[PDB]
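Down below is the structure, laid out as structure tokens.
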Amino acid sequence: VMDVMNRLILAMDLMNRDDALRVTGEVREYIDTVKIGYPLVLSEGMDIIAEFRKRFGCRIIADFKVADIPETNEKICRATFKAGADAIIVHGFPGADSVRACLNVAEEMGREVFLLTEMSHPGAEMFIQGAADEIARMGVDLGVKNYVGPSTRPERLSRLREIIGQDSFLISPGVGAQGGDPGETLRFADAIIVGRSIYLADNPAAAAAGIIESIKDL
Amino acid sequence: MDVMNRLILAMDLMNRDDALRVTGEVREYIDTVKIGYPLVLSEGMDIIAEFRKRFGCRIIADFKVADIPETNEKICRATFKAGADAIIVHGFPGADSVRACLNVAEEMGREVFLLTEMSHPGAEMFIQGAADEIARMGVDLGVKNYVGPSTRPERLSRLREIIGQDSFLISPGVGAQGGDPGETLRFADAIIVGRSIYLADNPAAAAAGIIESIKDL
Ligand SMILES: O=c1ccn([C@@H]2O[C@H](COP(=O)(O)O)[C@@H](O)[C@H]2O)c(=O)[nH]1
Ligand SMILES: O=c1ccn([C@@H]2O[C@H](COP(=O)(O)O)[C@@H](O)[C@H]2O)c(=O)[nH]1
């Protein structure tokens with residue numbers, strides 16, 4: 001599995017190139033893994049991935065929550081890996097064929113797929129939660145090794161961990177801004193994803209240092 | 001939304017030259033183009049303005065938005081800023097995530113299309129069993145534009161039943177995925193067609209044939 005420095009992944013969702021670069025560079029010493037999503041990519045272009053690689057020695061996870069039909073998923077994955085992303089996050093709710101398509105491209109292109117089972121926001125309780133256990137089981141049966149679960153619902157994250165086993169890799173968003181706690185989340189997740197709590201702080205570096213200090217024993 | 005010939009082109013080619021050429025070859029048959037991530041992540045969001053400059057067509061961004069509320073807002077804002085007239089949003093992530101999109105849409109005067117049931121086989125695993133409730137949620141939220149599967153006419157019909165004849169409904173899955181143009185239009189206001197057109201040796205003739213087959217409607 002990827003070796004995430006300090007078990008902390010930066011969710012760089014600022015939508016300005018200069019601000020995104022400035023902030024990421026300031027926390028550079030505490031993180032070696034950055035999660036880039038559509039807010040930044042649709043504002044600055046996929047070339048932002050290469051720029052982060054050039055400026056920082058950071059691993060890139062594209063949080064695109066792929067959720068299309070199989071054929072389209074393949075194209076999305078190919079475009080994303082061509083851009084230099086190390087891994088891509090895919091939605092499990094659209095079913096096995098859609099996930100398999102992503103795994104096929106990842107295998108062919110030598111990259112990784114992360115399966116998003118249950119989401120962290122309140123609305124996730126409406127339809128995703130009830131299917132999350134089966135989505136995880138589906139992922140396990142498909143050979144998925146990397147997963148995404150909610151920091152906001154410890155009991156759910158714990159169940160996800162059980163389903164995928166200790167060997168699987170698990171990252172979890174919803175820490176900070178959404179209410180999740182760093183330490184509690186790392187009881188089940190291999191690494192935590194943190195966005196606003198860091199990038200909106202007056203001193204992003206200090207915010208990141210503070211989070212790491214709080215989980216030092218972990 | 002008045003879609004010419006009730007036909008929406010799914011422009012999923014990933015080369016700017018090919019996408020513009022093919023879209024130009026069928027420009028006389030359509031005035032509505034659906035652009036998605038295959039093209040946008042390969043050529044950039046500036047491609048939307050290029051399409052408007054060269055064709056003037058309306059643009060539907062099929063981004064199947066499926067993030068948390070906060071991030072959905074950012075995605076829609078970025079998308080409408082690029083010139084998209086509408087954006088397709090997944091309903092599976094819940095009401096708050098859909099409302100987030102509706103908020104930005106209202107603020108920027110654009111439209112949100114709610115995707116309720118997908119057209120591929122995998123949609124049967126988790127999406128289908130929640131589809132009716134997702135459509136009802138859309139109605140409660142005041143959504144007026146929807147996306148349903150051409151590949152399952154009975155499901156498309158149920159979707160139409162739930163949203164009413166006043167709501168607008170578009171449907172992908174025509175051609176490549178097995179859906180029939182005419183049967184789909186029995187329930188949907190417009191059909192979405194990608195490969196059956198853009199992969200054809202002669203795209204223009206392909207579009208003309210599809211339109212010819214539905215001249216009655
Ligand atoms: O269930 C999920 C999956 C992914 N994210 C993503 O993780 C980040 C959380 O950011 P923040 O709340 O720390 O600012 C965002 O990029 C968001 O899109 C969630 O928050 N919830
Ligand atoms: O349930 C859905 C929702 C959207 N699309 C989209 O509609 C187009 C269908 O293209 P094609 O099968 O006509 O080539 C693609 O852009 C695809 O991503 C589907 O096929 N199924």
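A note on names: the letters A, B, ... follow the listed sequences, proteins ahead of strands, and every chain is numbered from 1.
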* Name the orientation class of the two ring planes belonging to A:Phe127 and B:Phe92 (parallel below 30°, tilted from 30 to 60°, perpendicular beyond 60°). =>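 The rings of A:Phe127 and B:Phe92 sit tilted, inter-plane angle from 30° to 60°.
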
First locate atom [atom1] of [X], then atom [atom2] of [Y], and finally report the distance between them rounded to the nearest 0.5 Å.
{"X": "A:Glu71", "Y": "B:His120", "atom1": "CD", "atom2": "NE2", "value": "12.5 Å"}
{"X": "A:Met126", "Y": "B:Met137", "atom1": "CE", "atom2": "CE", "value": "5.5 Å"}
{"X": "B:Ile68", "Y": "A:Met119", "atom1": "CD1", "atom2": "CE", "value": "7.0 Å"}
{"X": "B:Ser42", "Y": "A:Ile76", "atom1": "OG", "atom2": "CD1", "value": "10.0 Å"}
{"X": "A:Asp68", "Y": "B:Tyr37", "atom1": "CG", "atom2": "OH", "value": "10.5 Å"}
{"X": "B:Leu41", "Y": "A:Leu42", "atom1": "CG", "atom2": "CG", "value": "7.0 Å"}

* To do: Identify which of A:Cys77, A:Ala124, A:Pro94 forms the greatest number of heavy-atom pairs closer than 4.5 Å to chain B.
  =>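 Of the candidates given, the most pairs with chain B belong to A:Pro94.
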
* To do: Just give me the residue among A:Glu74, A:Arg196, A:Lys82, A:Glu125 that pairs up with chain B most often, heavy atom to heavy atom, under 4.5 Å.
  => A:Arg196

* Asked: Do A:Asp13 and B:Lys74 meet the salt-bridge criterion of a basic N to acidic O distance under 4.0 Å?
  -> no

* Asked: Of the listed residues (B:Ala82, B:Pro172, B:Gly44, B:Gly94), which shares the most heavy-atom pairs with chain A below a 4.5 Å separation?
  -> B:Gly94

* Portion of A:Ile135 that has a non-hydrogen atom of chain B nearer than 4.5 angstrom ->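 For A:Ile135, backbone and side chain are both near chain B.
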
* Given a strict heavy-atom distance threshold of 4.5 Å, which part of A:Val41 is in contact with chain B: side chain, backbone, both, or neither? ->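 Contact with chain B: side chain only.
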
* Structure fact -> Residues A:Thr72 and B:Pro38: closest non-hydrogen pair is CG2-CG, 3.9 Å

* Asked: Looking at B:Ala66 and A:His91, what are the two nearest heavy atoms and their distance?
  -> O-CE1, 3.0 Å

* Would you find more than 12 non-hydrogen atoms of other residues, nucleotides or ligands less than 6.0 Å from B:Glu106 atom CD? ->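 No.
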
* Answer yes or no: does atom CG of B:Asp46 have more than 12 heavy-atom neighbours from other residues, nucleotides or ligands under 6.0 Å? =>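 No, not enclosed.
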
